[PDB]
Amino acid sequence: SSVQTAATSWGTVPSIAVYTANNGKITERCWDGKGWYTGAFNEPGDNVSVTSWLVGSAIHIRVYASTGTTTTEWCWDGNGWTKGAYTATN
C-alpha cells in the first residue's frame, strides 16, 4: 500500500501541482519555479486524478476524488475551489 498521486503543470514558468491521496484525504503541493508549498486543497479521497487548462489569467484545475464508487469533481477556476457537476453516470 502506497500513497496515490496525480500531477499537472501549466504556464510560461512552469508551475506544477501534485495531489496526493493518503489516509483518505487528498492534499496539494505546488511548485512556482522556486519552491514547493502546500496548496489550499484538502478534500476526502482514496484515488485522485487531475487535469488543467490555462485560459486568461486563471489556471483551471479539475480534481477527481474517489472513495468507494463515489467520484466527486473539485473545480479551481482562478480563485477558489468549488464542487463540480460531474457524476459517473446519468
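All residue numbers are counted from 1 along the displayed sequence.
Take the C-alpha B-factors listed in the entry for 41 to 49 and for 54 to 62, compute each mean, and give the stretch with the larger one.
-> 54 to 62 has the higher mean C-alpha B-factor.
Mean C-alpha B factor from the entry: is it higher for 2 to 10 or for 80 to 88?
-> Higher of the two, by average CA B-factor, is 80 to 88.
When the modelled residues of the chain are sorted by Cα temperature factor, does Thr71 land in the lowest, middle or highest third?
-> Its C-alpha B-factor belongs to the middle third of this chain's values.
Going by the entry, which third of its chain does the Cα temperature factor of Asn23 land in?
-> Highest third - that is where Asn23 ends up once the chain's C-alpha B-factors are sorted.
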